[PDB]
Ligand SMILES: *C(=O)[C@](NC(=O)c1ccccc1)(OC)[C@@H]1N=C(C(=O)O)C(=C)CS1
């Protein structure tokens, strides 16, 4: 029944949709193509910032990172404007989450160490949380310039939602670090037309979005009902038949979020 509605959405948008909301004490898990792989795009930036927080002392946030104009490979609304000053690990965190800054992310990986510019260390951090499915192989970008059917740089709605659940609602991070991550996602500036648009205004929403080629659009959120009940919502889509230059349908993610809201309501 729910599946049928999701399918209609799939038809209505010429897209592939993947949805997952973890089960709770009173609601069954919601799932559509929950175990199929979808490109991370920038959604990794969120558990990345938790990788960075887990590993180091709070104090580490103040550490200044220096980079050059050639380090700027991808959309960098913030890092582009600070080549002269550089940014603390804290300002990098903030921008990788709230503005989806491609360079801020590229830096924070590095700051994680080891082969793959940091991607092994990052996939290392996912594993540590029980996620054996997801994998980040490449750096920003290219991460969103893979072919449909390529398993590098992918995750599932299932896998990312359980991760996000531990970060924000669970015990993955000490409380101090927990509120840093959560507060940064609550003030995300890139998601107003996604999960957040599909839910009544009186539900609180935090999230981190992802966008890529082949009409890739993702959104991962934690929502709070008017009464304070939290749920984790993972919504992912691509439109492979439109090819590389296919356009991401944001209204797909907003609608699927409305279907989800009605079922949680
Ligand atoms: C996230 O994926 C992001 N953008 C891209 O990767 C990207 C988008 C479009 C074309 C090429 C690459 O950086 C990885 C940032 N996040 C968003 C977002 O909506 O959350 C973007 C829309 C683009 S920048």
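Chain A is numbered as in Swiss-Prot; shown residues: 43-307, in order.
Yeah, the Cβs are placed from backbone N, Cα and C, and that goes for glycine too.
Features reported for this protein in Swiss-Prot:
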type	residues	note
ACT_SITE	84	active site, acyl-ester intermediate
BINDING	142, 251, 252, 253	substrate binding site
SITE	87	site 'Increases nucleophilicity of active site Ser'
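Known features from Swiss-Prot, placed on the structure.
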residue : record                                              : Cβ neighbours (10 Å)
84      : active site, acyl-ester intermediate                : 29
87      : site 'Increases nucleophilicity of active site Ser' : 26
142     : substrate binding site                              : 28
251     : substrate binding site                              : 27
252     : substrate binding site                              : 27
253     : substrate binding site                              : 20
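In the three-state DSSP classification, residue 142 (substrate binding site) falls within coil.
Of the residues the record lists as binding substrate, namely 142, 251, 252, 253, the two whose Cα atoms sit farthest apart are 10 Å from each other.
Secondary structure at residue 87 (site 'Increases nucleophilicity of active site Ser'), as computed by DSSP, is helix. Here residue 84 (active site, acyl-ester intermediate) is compared against the binding-site residues 142, 251, 252, 253, and the shortest C-alpha distance is to 252.
Report note: the substrate site is defined by 142, 251, 252, 253, and the residues of the same chain whose CB lies within 8 Å of the CB centroid of those residues, excluding them, are 83, 84, 85, 232, 233, 250, 254, 259, 260, 261.
Taken in sequence order, the recorded positions 87, 142, 252, 253 that lie near ligand 1, meaning a CB under 6 Å from one of its atoms, are 142, 252, 253.
Cα proximity to residue 87 (site 'Increases nucleophilicity of active site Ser') (within 10 Å) is found for the following binding-site residues from 142, 251, 253: 142, 251.
The DSSP secondary structure for residue 251 (substrate binding site) is strand.
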